[PDB]
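Let me begin by presenting the structure, written as structure tokens, before commenting on it.
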Amino acid sequence: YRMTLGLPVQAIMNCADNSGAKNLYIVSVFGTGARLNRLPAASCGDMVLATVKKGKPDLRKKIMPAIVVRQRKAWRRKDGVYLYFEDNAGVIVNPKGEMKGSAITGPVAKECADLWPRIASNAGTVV
Amino acid sequence: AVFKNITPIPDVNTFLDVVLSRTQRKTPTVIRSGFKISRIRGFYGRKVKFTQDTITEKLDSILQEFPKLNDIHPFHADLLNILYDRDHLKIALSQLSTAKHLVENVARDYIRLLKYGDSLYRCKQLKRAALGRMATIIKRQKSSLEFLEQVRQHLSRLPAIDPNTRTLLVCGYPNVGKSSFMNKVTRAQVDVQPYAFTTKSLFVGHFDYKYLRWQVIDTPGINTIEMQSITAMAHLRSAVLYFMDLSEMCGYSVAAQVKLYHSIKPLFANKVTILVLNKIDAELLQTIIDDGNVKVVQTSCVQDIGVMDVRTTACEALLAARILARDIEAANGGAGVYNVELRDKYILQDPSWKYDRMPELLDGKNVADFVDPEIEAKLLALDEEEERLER
Amino acid sequence: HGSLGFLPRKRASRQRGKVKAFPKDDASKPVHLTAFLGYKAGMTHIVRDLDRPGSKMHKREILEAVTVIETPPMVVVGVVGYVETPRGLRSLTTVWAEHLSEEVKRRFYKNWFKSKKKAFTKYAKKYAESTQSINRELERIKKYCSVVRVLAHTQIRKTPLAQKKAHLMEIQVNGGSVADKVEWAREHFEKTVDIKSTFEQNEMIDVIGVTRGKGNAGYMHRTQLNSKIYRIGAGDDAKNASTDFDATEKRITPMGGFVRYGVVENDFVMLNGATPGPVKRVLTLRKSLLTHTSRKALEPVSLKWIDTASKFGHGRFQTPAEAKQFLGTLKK
Amino acid sequence: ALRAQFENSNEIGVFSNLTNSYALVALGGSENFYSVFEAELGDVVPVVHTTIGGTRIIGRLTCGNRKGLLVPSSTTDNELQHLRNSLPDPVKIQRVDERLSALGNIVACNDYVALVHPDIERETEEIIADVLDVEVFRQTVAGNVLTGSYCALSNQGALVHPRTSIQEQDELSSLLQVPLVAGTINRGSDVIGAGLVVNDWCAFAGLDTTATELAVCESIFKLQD
Amino acid sequence: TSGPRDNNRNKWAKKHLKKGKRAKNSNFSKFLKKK
Amino acid sequence: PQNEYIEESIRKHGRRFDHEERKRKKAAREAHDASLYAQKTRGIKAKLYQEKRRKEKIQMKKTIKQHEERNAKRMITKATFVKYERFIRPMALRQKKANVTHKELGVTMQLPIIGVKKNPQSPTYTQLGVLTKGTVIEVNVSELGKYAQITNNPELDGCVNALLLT
Amino acid sequence: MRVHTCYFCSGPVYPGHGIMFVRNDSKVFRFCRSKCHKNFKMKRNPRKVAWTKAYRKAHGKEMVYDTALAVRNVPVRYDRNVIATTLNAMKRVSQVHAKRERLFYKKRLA
Amino acid sequence: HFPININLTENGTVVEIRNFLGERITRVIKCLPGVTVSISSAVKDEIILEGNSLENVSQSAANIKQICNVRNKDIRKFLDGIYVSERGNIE
RNA sequence: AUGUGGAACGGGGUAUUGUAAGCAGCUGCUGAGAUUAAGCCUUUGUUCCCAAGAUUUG
RNA sequence: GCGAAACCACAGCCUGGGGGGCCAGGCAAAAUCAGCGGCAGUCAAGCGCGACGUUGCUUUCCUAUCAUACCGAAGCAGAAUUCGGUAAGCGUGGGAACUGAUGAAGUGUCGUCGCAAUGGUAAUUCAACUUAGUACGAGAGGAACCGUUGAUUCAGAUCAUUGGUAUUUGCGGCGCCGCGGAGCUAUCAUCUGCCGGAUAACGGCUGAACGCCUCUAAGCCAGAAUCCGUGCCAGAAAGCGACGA
């Protein structure tokens, strides 16, 4: 169930949730193997840690769980049809898996939809 | 202690055996005579430095696993003090870290001594000195570990307390038949015999009453078992369940139990009691009934009747105070290997066309995109239209 | 350089994939074959439903990357017989059939068109004079044999190639008695034993070959294992490529011919993944060694739709038929 | 009343859907969950285990009522053909094209009225009025357009978000013309519609559903009888 | 998991190969041997 | 887990069907198991097992004797006590207290060194007051001034274990 | 599989090859060709690209319409004979499409 | 709680055992050559095995004792299992 | 070292670009033109070629 | 085509032992080319001390496993944890001519076919579904087997789908730009990676020494990520066979 891995750590992605944050500096990737000559990355559907760069001051300088929604990288789907979204956007979640934003804005991958059901109900325009 | 999850306390020499074995396994056990003097100094030094760290590892593991008796609840700490001489246990804990601090200083003294190593055999004597002298410190603390393991056996045997939630304390005559009602109430059932102090240990039994958890808290009948029952009843947000043998089938007089109830009336204060007249089917009671807060219930312990009604009254008083498809899949191919067939699960007319496959697309066009219900009549009109267009 | 099982890295000897091991069989089984010979047409892709319970796409539609292999009907021309010795496995008698084509007679020769073409002349004479001499050697086969293998060479005329020498291979017959195998061999001499009687479209193949020379990496023989057959097509039938879900008749040969191969007219096997060697290198099929119980083989296979676009370039059409109605009328 | 989990978690309302006339069970899961609905209402209504767009989000992606069930645009026609085979002729099947595919997570439907998102398309609202034949109300459930996510709907009751105002709850209950319960499912979770399933004759709750919350749901939906 | 020479992954497989694939293979080569 | 709330419950639940036959056979097998455990064992772990075995043999022999009786650069690299100071003595190497064991009392008690009476190595060592075995050192005897001879080599040992000269 | 269309080249979209990109407005555009993918990247008009069908469409160079044979978000029940006639309906429709477009090509060339 | 299934096959040679602590593992206990085992009918949960060669008979039941051998659990609480009590002659 | 043989072209398919020159009043010719094996395919089309010298070994 | 020079006891295989040569071994076929604990005291085994005891303070290799496999023991219900054992195979505590490519020659010569002495090896861990909210457990927690599906690393191949190069000096536009086939490239893309015995600890059965007993003494079973064979890689260029003329 793997996707394309091209989003390395220490990157700025859009906090597309309704939590009020705008930008987030990527921090960590969960469950990533020790791979040399290739940074530990994630795609739309992986739980990651990031520190909010822009947005609320309480959210800023505070790392929390997050999952990628919009995939700027060519996420080669299992259906074969590749998809190139606008940019790299995501939504912050709790360590248990509760999305911080009460609403969702932007696109979220269907491959990411089945993994996280808490963030699935927060979105209505799943595309 | 309730959530102890502490490691067992082994023999000190056995603890020293594995620790020395850790020095025999983790440290480099070979030291060449041709190596550098400082390198040889660190061979016995860093091993001893790890040995003291190993000595500090299990000791701090024992220290962290040792809980604070003052941090325990008033009913938990007093019963623990009544269990295995917690004052002497804390003194051993006081003798544990201080000796560990003494072990820390002796190792630091030897480390500074090892910093000025001169000869190989002198360091070899020094390497023997710091290990064995600290082993003598382990040998000095001989009986300290003996009391911890039994306490570790006691704390593991000691269950969790449910004072914060709604609970029910059952105290009175020893095995007066209300314990049988208590055994019929909760999932955990305590065994009783005709002997005295049979229900010496408290029973942690989970139960619910009227959509509210009712914890049956067992207390020994009134020593050591009753003193623990006194300490548990001292600090508890629960009600009393005084079972009085009306027919003296519990071996105790009603006047002796009521006077004891009058004696235990200070501990029974600030709580709605239950004057369970046990052994109904088997004067001084009016003086006990003068309190008013005791729920006088006639309990036929011989006939085993009246427990649920008392459970309904006391809990309210406590509330007043407060084949299948999977079966088909089990026979077809098991879980994760059997496939479900949806051809039979169809409302189509022709069953032969139901199990048959359906052409999704043809000639570069989606066959379903141009498929309508009246397409057969439309195609017949299409064949006539093309014939008319040709004519 | 960590897979020392494949070190040392030196090039292979035989351009044709040499079979080393042969599957364990019984005398209770009926007589059947193990090996075969095919050619590397090229890689393609398909779509197919997935009747695999317990997977994340159970009863879904998933692309699969595949490989069509050009497989002609296969000409058996005789047998060899092995006796078992403390020194290994020696071959006792080699008995051929009476007649050979020029293609397999090109195999024995280096310059067939220059030379006198006189191979197998006098052996055909003793075939006509005395078949009881052949009986004598066959009498020595059913008396003293343990492993029977039959000869074989490819119908390379049907394959559109400039190579005219046939490729000769053994196939070990498996099943039945030793006398049954010689009975099966002498009743199939000089004919062709076709591919559709070997496999059942649900069996897996461990295809072998020599990998692609890289202009000393490459040209090193491999035995790739565990590739699944999806369709043993019939070259005479024009419905080979067209599945039941895309009834409209179409051919497996893509437009503009295959890249580096060209056109395909004969039976093919539709094996997934890949195999060693470049396009139109000789290729070998064989049976599995252990009866493998993965559900990837125990499942049925029923295709959905095949892509036959122009691999030369980047085509966007299935057949030149449907292209013209999708396009307008050209200036032609 | 049923208290179980959709294999993975207790949020069973997101995995599978259920209408008043048929039940849309998902595919790819274990047969126990399908047998759970089969033993519950299989003898009454149909329960078809089928995937929606090759995914397991049938509960929150499509909306359905006693009249019919409408699904997103990207639904597979073969799945629709499977749906048209599984669902009866009286069960209307119609695909809806919109920029928001989650009909179940953003729109709530009942046997008499419907709760629609304030940002829903007019053609989508008219088609929903044509198919489901219920009084659609394009509004925001507790300020959220995800009406199906923030609230649950049933025939003999309704479940509203606990964060909504009581005056707004009384306004929404009057708009729905049915009793609404401003509570939470799965013992205080944020999933209301996906945290509890309720039909006209049965109801389903999660494995993590509270005993009091389930009792609040059965009283609101009149499921005690 | 298990290893190459792991009997745990091989003892259950021999019982798993008694049913499943073996009879289907016998059903496969029967029609293959048919002319 | 054990005797409290398990054992009596196990009494009502029963034990293993062969809980006694397994122990006795293992008990009888131990009489022959100790020989191979003494024979096939090798290395330091065997000597450790032999250390307890030699202790057990000694422990049993004493018990057998009792039962029979019952039946009847210019630097100072050595430890010091604290131009003329040509060498260098470290602060950590300097020792001020010593475990002084009285000859008559036998009380090994840590006491401070009042001074260094005489070092048997060299007068310069006596001038430097280095710590060594057999040296005469002044020690305060008020809490017991007295002299003492070092009975242990504090260089290789690291501690000044000295016996009172009186 | 319902085949999509090229967003720029206006041709059909088949399985395997190509790419399907979605916009921020939930507008999924599928380009069947890499040049068409580059055309959508370069944002050139489909009717202003001679190599695209929209240019011939909005210039009179392509056939406008052909309502031959007198012929879907609603699912319906399946029938063997209904689909059989639907299978035969596409053959005559394609034949009429070949004849009508040829006459349209005869008018366009003249 | 979970009764252990036992099925005698091949004249009692192939012992099909299952449901040991409700486990789905198919326990096949092939008897030694020359010994016949059968489920005793007088006493429930009793298997009577008889034969001429006692060594092959005794090792087979010990193998049966090693077949459903308990592991990865406390032997005290988990106490029900397969045991051998009667060992005697056929006459 | 004479064949459904080969070489050089031509034809066709296939694709890459992008509607050719030029004509008339941006449009129609013009989804045209060009290119496509040099490690694309095909060829009943045209022309040409072929009856081989030397060496090694029995 | 012209054409040195340095240098030159004679030289050229490895292991061990007293270096190239010696001793004992492994072996050994031409001819060439490209990379390269102490002190004090009390005892007392025994021969004045005296043991165990008692009293005073202070790249690769190697297992000695850091996880994975398997078990043993423990207040080990379960989970989780501790100790011990096998175990260095693979992962995550220490040590430090070689590989390619031609090549004559016994087999009368050439060619096809397999044979196999030997040389190397391979897979790896992680988690998801039931099987379970079950057994168990007051509750809270929560088994294990089989079956199934995944993910990571490594290895092996593969260039349809996606990407990069233009000496296709190929197509077009204004030396510049758009495209750029093929070929090439890629966890940038894609497919595959297995099994049969024998064993360590350990658990056993039978059964003497020693009339009992005893997993042992002769036998015997089960039993490890363990080893050896299957399979996989190559084929002695002085190993060999059948057939073709």
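In the structure tokens, chains take the letters A, B, ... in the order shown, each chain's residues start at 1, and ligands count up from 1 in the order shown.
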
(message) I'd like the neighbourhood of residue 216 of chain B as a ChimeraX atom specification, where a residue qualifies if any of its atoms comes within 8 Å (using only C-alpha atoms (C1' of nucleotides)), though same-chain residues fewer than 5 positions away should be ignored.
(response) /B:167-170,182,185-186,203-207

(request) Using DSSP on the backbone, list every residue of chain D that comes out as helix (DSSP H, G or I), and give them as number ranges by chain. (result) D: 12-15, 31-42, 58-61, 77-86, 103-106, 122-131, 147-150, 166-176, 211-220

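Between atom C1' of residue 60 of chain J and atom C1' of residue 90 of chain J the interatomic distance comes to 15.9 Å.
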
(request) Give me, as an MDAnalysis selection string, the contact residues of chain F against chain H at a cut-off of 10 Å, counting only C-alpha atoms. (result) chainID F and resid 1:2 6:7 9:10 13:19

Would you save the residues from that selection as an mmCIF file, in the first residue's frame, using N, CA, C and O atoms?
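Contents of out30.cif, freshly written:
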```cif
data_model
loop_
_atom_site.group_PDB
_atom_site.id
_atom_site.type_symbol
_atom_site.label_atom_id
_atom_site.label_comp_id
_atom_site.auth_asym_id
_atom_site.auth_seq_id
_atom_site.Cartn_x
_atom_site.Cartn_y
_atom_site.Cartn_z
ATOM 1 N N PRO F 1 -1.703 -14.920 41.358
ATOM 2 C CA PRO F 1 -0.366 -15.295 40.882
ATOM 3 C C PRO F 1 0.279 -16.379 41.743
ATOM 4 O O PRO F 1 0.870 -17.318 41.207
ATOM 5 N N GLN F 2 0.163 -16.247 43.060
ATOM 6 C CA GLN F 2 0.660 -17.263 43.981
ATOM 7 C C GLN F 2 -0.270 -17.314 45.189
ATOM 8 O O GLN F 2 -1.389 -16.793 45.154
ATOM 9 N N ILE F 6 -4.606 -17.296 44.778
ATOM 10 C CA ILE F 6 -4.406 -18.234 43.678
ATOM 11 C C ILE F 6 -4.452 -19.669 44.189
ATOM 12 O O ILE F 6 -5.146 -20.517 43.620
ATOM 13 N N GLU F 7 -3.715 -19.947 45.267
ATOM 14 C CA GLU F 7 -3.528 -21.329 45.706
ATOM 15 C C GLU F 7 -4.841 -21.958 46.155
ATOM 16 O O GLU F 7 -5.205 -23.047 45.696
ATOM 17 N N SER F 9 -7.774 -20.840 45.447
ATOM 18 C CA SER F 9 -8.575 -20.885 44.231
ATOM 19 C C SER F 9 -8.170 -22.066 43.358
ATOM 20 O O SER F 9 -9.028 -22.729 42.763
ATOM 21 N N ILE F 10 -6.867 -22.343 43.271
ATOM 22 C CA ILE F 10 -6.406 -23.514 42.535
ATOM 23 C C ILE F 10 -6.875 -24.791 43.214
ATOM 24 O O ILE F 10 -7.110 -25.806 42.547
ATOM 25 N N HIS F 13 -10.001 -25.218 41.900
ATOM 26 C CA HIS F 13 -9.879 -25.414 40.463
ATOM 27 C C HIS F 13 -9.031 -26.622 40.092
ATOM 28 O O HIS F 13 -8.979 -26.981 38.911
ATOM 29 N N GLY F 14 -8.371 -27.249 41.056
ATOM 30 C CA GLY F 14 -7.542 -28.401 40.785
ATOM 31 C C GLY F 14 -6.166 -28.019 40.267
ATOM 32 O O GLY F 14 -5.945 -26.939 39.721
ATOM 33 N N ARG F 15 -5.224 -28.936 40.451
ATOM 34 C CA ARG F 15 -3.857 -28.765 39.997
ATOM 35 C C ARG F 15 -3.669 -29.470 38.655
ATOM 36 O O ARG F 15 -4.629 -29.916 38.020
ATOM 37 N N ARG F 16 -2.420 -29.564 38.208
ATOM 38 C CA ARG F 16 -2.115 -30.323 37.006
ATOM 39 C C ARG F 16 -2.359 -31.809 37.244
ATOM 40 O O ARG F 16 -2.243 -32.310 38.366
ATOM 41 N N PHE F 17 -2.701 -32.519 36.167
ATOM 42 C CA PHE F 17 -3.027 -33.936 36.283
ATOM 43 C C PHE F 17 -1.816 -34.787 36.643
ATOM 44 O O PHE F 17 -1.987 -35.926 37.089
ATOM 45 N N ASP F 18 -0.605 -34.265 36.464
ATOM 46 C CA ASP F 18 0.617 -34.987 36.799
ATOM 47 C C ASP F 18 1.595 -34.070 37.521
ATOM 48 O O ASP F 18 2.794 -34.058 37.229
ATOM 49 N N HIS F 19 1.091 -33.289 38.480
ATOM 50 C CA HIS F 19 1.944 -32.332 39.176
ATOM 51 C C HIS F 19 2.922 -33.021 40.120
ATOM 52 O O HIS F 19 3.992 -32.472 40.409
#
```

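Within 7 Å of chain J, and using only C-alpha atoms (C1' of nucleotides), the residues found on chain F are residues 1, 2, 28, 29, 55, 58, 99, 101, 103, 106, 107, 108, 109, 110, 151, 152, 157, 161, 162 and 163 of chain F.
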
Using only C-alpha atoms, what table do you get, as JSON lines, when you list each residue of chain B with an atom no more than 6 Å from chain D, its nearest pair of atoms, and their distance in Å rounded to one decimal, rows by chain then rising number?
```
{"residue": "B:324", "atom": "CA", "partner": "D:35", "partner_atom": "CA", "distance": 5.4}
{"residue": "B:325", "atom": "CA", "partner": "D:35", "partner_atom": "CA", "distance": 4.8}
{"residue": "B:326", "atom": "CA", "partner": "D:31", "partner_atom": "CA", "distance": 4.7}
{"residue": "B:345", "atom": "CA", "partner": "D:86", "partner_atom": "CA", "distance": 5.8}
{"residue": "B:346", "atom": "CA", "partner": "D:85", "partner_atom": "CA", "distance": 4.3}
{"residue": "B:347", "atom": "CA", "partner": "D:85", "partner_atom": "CA", "distance": 4.9}
{"residue": "B:348", "atom": "CA", "partner": "D:85", "partner_atom": "CA", "distance": 5.8}
```

Same residues, N, CA, C and O atoms, saved as a short mmCIF file (atom, residue, chain, number, x, y, z; two decimals), in the first residue's frame:
```
data_model
loop_
_atom_site.label_atom_id
_atom_site.label_comp_id
_atom_site.auth_asym_id
_atom_site.auth_seq_id
_atom_site.Cartn_x
_atom_site.Cartn_y
_atom_site.Cartn_z
N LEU B 324 -25.21 -17.73 9.78
CA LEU B 324 -24.79 -16.36 9.51
C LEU B 324 -23.83 -16.33 8.32
O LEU B 324 -23.31 -17.35 7.87
N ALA B 325 -23.61 -15.12 7.80
CA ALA B 325 -22.64 -14.95 6.72
C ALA B 325 -21.24 -15.33 7.17
O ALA B 325 -20.50 -15.98 6.43
N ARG B 326 -20.86 -14.92 8.38
CA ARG B 326 -19.59 -15.37 8.94
C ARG B 326 -19.59 -16.87 9.17
O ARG B 326 -18.58 -17.54 8.96
N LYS B 345 -26.73 -12.52 -4.96
CA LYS B 345 -27.28 -11.31 -4.35
C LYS B 345 -27.56 -10.28 -5.45
O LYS B 345 -26.92 -9.24 -5.57
N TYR B 346 -28.56 -10.61 -6.28
CA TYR B 346 -28.95 -9.76 -7.40
C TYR B 346 -30.46 -9.79 -7.55
O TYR B 346 -31.09 -10.82 -7.32
N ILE B 347 -31.02 -8.65 -7.95
CA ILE B 347 -32.45 -8.55 -8.21
C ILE B 347 -32.75 -8.59 -9.71
O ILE B 347 -33.82 -8.17 -10.14
N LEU B 348 -31.82 -9.09 -10.51
CA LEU B 348 -32.03 -9.20 -11.94
C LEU B 348 -33.06 -10.28 -12.26
O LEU B 348 -33.31 -11.19 -11.46
#
```
